[PDB]
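Asks: Just dropping this structure here.
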Amino acid sequence: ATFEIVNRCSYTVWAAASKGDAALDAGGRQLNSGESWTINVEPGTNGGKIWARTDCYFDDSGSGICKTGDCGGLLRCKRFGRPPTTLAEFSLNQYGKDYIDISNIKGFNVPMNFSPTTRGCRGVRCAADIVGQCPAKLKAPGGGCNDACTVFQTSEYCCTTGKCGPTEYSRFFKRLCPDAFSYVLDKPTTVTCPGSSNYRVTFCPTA
């Protein structure tokens, strides 16, 4: 499957793509404002994610740091990124269909749209100013708006036992972005797409 990753933000981002235990395609790349990077994701990829990283430095070897979304200091991510990270999430070719969503469960750094480029389903978007409106206790000094699990490490926020409810913090994310997951047991906003669809992830879609 092809994923065209487009940075419409006025600032550079370092896109990242991983299924947690491996890179997808090269795993990461710099995207200056307006640039597009198209990756190939293997059919059947389960639990894949794409995100943006901000304020990165990388040496000639591809090693460094980012203020949001850092994946073990690598340009080419093999693992998931450090919160806060708005997440485009997908599982492909699962019994004939693809499944996509956006999630704020690991916080929010950059607004995004995640849409099919082929027929048969809708896209999803979280493009409100979550960083500007972020509750004071969730603001990440390094940049972004943390989720409450990251900040407070409680079973209620982290849904550790599989039982949890919505919270004042989850409701903030849900108010700003109704079409993204705000906590682990949120009413799902996952979209079913035809199997083997192709996609576009756009950072800062309203910019």
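Asks: Restricting segment 49-65 to residues that are part of a loop (DSSP other than H, G, I, E, B) and either charged (D, E, K, R) or under 18 Å from the mean Cα position of the chain (by Cα) (or both), which is surrounded by the most Cβ atoms within 10 Å (Cβ to Cβ)? Give the derivation first.
Replies: Within segment 49-65, the first condition is being part of a loop (DSSP other than H, G, I, E, B), and the residues that meet it are 59-62.
Those still in the list that are either charged (D, E, K, R) or under 18 Å from the mean Cα position of the chain (by Cα) (or both) too: 59-60.
Numbers: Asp59: 9, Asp60: 5.
By that ranking, first place goes to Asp59.
Asks: Which one of these does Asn46 not meet: (1) assigned to a strand (DSSP E or B); (2) farther than 18 Å from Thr202 by Cα; (3) among the polar types (S, T, N, Q)?
Replies: Failing condition for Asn46: (1).
Asks: Is it true that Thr206 is part of a strand (DSSP E or B), β-branched (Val, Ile, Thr) and touching a residue at least 40 places away in the same chain (Cβ under 8 Å)?
Replies: Numbers: part of a strand (DSSP E or B): no; β-branched (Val, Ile, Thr): yes; touching a residue at least 40 places away in the same chain (Cβ under 8 Å): yes.
Spelling it out, it is not the case that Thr206 is part of a strand (DSSP E or B), β-branched (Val, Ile, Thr) and touching a residue at least 40 places away in the same chain (Cβ under 8 Å).
Asks: Same structure, new question: In segment 102-141, which residue that is β-branched (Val, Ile, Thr) and over 16 Å from the mean Cα position of the chain (by Cα) is surrounded by the most Cβ atoms within 10 Å (Cβ to Cβ)?
Replies: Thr118
Asks: Check segment 156-165 and report whether any residue there is part of a helix (DSSP H, G or I), without any contact (Cβ under 8 Å) to a residue 60 or more places away in the chain and surrounded by fewer than 19 Cβ atoms within 10 Å (Cβ to Cβ).
Replies: There is at least one residue in segment 156-165 that is part of a helix (DSSP H, G or I), without any contact (Cβ under 8 Å) to a residue 60 or more places away in the chain and surrounded by fewer than 19 Cβ atoms within 10 Å (Cβ to Cβ).
Asks: Consider segment 111-136. How many of its residues are within 21 Å of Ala207 (Cβ to Cβ), assigned to a loop (DSSP other than H, G, I, E, B) and of a type in the set (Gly, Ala, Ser)?
Replies: Qualifying residue count for the region: 3.
Asks: Continuing with the same structure: Scan (1) part of a strand (DSSP E or B); (2) basic (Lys, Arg); (3) closer than 26 Å to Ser197 by Cα for the single condition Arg76 breaks and write down its number.
Replies: Of (1) part of a strand (DSSP E or B); (2) basic (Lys, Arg); (3) closer than 26 Å to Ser197 by Cα, only one is false for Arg76: (1).
Asks: Return the residues of segment 4-29 that are under 17 Å from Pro111 (Cα atoms) and assigned to a strand (DSSP E or B); say none if nothing qualifies. Don't jump to the end; show me each part of the working.
Replies: First, the residues of segment 4-29 that are under 17 Å from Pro111 (Cα atoms): 4-17.
If the condition is that a residue be under 17 Å from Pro111 (Cα atoms) and assigned to a strand (DSSP E or B), then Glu4, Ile5, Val6, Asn7, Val13, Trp14, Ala15, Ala16, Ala17 are the ones that fit.
Asks: Six or more apart or on different chains, Cβ atoms under 6 Å: show the pairs whose first residue is in segment 30-44 and without any contact (Cβ under 8 Å) to a residue 60 or more places away in the chain and whose second is in a loop (DSSP other than H, G, I, E, B) and loosely packed, with under 14 Cβ neighbours inside 10 Å.
Replies: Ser33/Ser10
Cβ sites come from the backbone with ideal geometry, for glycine too, and all protein chains shown count toward neighbours. Coordinate-derived values only; no laboratory data.
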